[PDB]
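What follows is calculated from the coordinates using simple rules that are stated; it is not laboratory data. With ideal geometry, Cβ positions are generated from the backbone for all residues, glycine too; neighbour counts draw on all protein chains shown.
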Amino acid sequence: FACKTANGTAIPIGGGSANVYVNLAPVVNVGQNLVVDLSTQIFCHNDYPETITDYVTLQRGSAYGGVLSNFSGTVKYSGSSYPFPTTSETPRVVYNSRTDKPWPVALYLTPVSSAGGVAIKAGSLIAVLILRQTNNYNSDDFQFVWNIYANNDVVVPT
Ligand SMILES: OC[C@H]1O[C@H](CCCc2cccc3ccccc23)[C@@H](O)[C@@H](O)[C@@H]1O
Ligand code: NI
């Protein structure tokens, strides 16, 4: 089991870390959502689908910088929604193919009332998403750690 990003980088068999940049709407008001859909960026696959089933969870989701201070959020993982930052590990998604499949994670961030001005700085760390992978074969239990960086400024109009 391993993962990669679109025109980007890879995390190999056995886990590791990688940095991911995301495009963000440049202006968002109180009451509107920034949607950060990572499923167009992170893709994972099973390396032996004929004898092994891989199980993949969102173990944890954490907010940093401008998101942590100026936004409340939810996360959607494979059709279900959770608070963001997260309060527990999700149910699992099955990886049963050698073909790249998206990692179905999306952040929904809404500015808090105290947000105004540049609420997220370009190039700043906004979130960490941990992918935890296990299987039905052995005791492999691996973390794939995705550091999410803002590509651009996000302004909350006053
Ligand atoms: O995605 C399927 C699996 O692929 C890798 C390792 C499988 C390699 C392997 C090791 C020892 C005995 C094997 C016997 C048959 C097939 C693979 C074997 C690891 O990423 C596992 O965590 C993962 O569950
Ligand atoms: Ni592979």
- [ ] Give, rounded to the nearest 20 debye, the magnitude of the charge dipole that the chain has about its Cα centre when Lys and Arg contribute +1 at Cβ and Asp and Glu contribute -1 at Cβ.
- [x] 260
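Roughly what % antiparallel, to the nearest 5, for the DSSP beta bridges in the chain? List each step's numbers first, then the result.
On the way: 48 of 56 bridges.
The antiparallel fraction comes to roughly 85 percent.
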Task: Mean residue ellipticity (222 nm) of the chain, computed from DSSP H runs ≥ 4 via -39,500 (n - 2.57), nearest 500 - done: -1000 deg cm²/dmol
Task: Sequence ranges 133-139, 148-154, ranked by mean other-Cβ count within 10 angstrom, highest first - done: 148-154, 133-139
- [ ] Calculate, for residue 152 and residue 50, the FRET efficiency according to 1/(1 + (r/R0)^6) with r their C-beta to C-beta distance and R0 41 Å; round to the nearest 0.05.
- [x] 0.40
TODO: Assuming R0 = 25 Å, can you tell me the calculated FRET efficiency for the pair residue 32 and residue 10, based on Cβ-Cβ distance, to the nearest 0.05?
DONE: 0.15
Task: Whole-Hz couplings from phi, Karplus 6.51/-1.76/1.60, listed for region 110-125; x for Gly and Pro - done: 10, x, 7, 4, 6, 7, x, x, 6, 8, 9, 7, 4, x, 7, 4
Task: Rg to Rh, two decimals, where region 1-117 supplies the alpha carbon set and Rh follows Kirkwood - done: 1.01
Open item on the list: Tell me which of 148, 49, 103 sits at the most positive position along the dipole axis of the chain, charges placed on C-beta atoms (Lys, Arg +1; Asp, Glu -1).
Closed with: 148
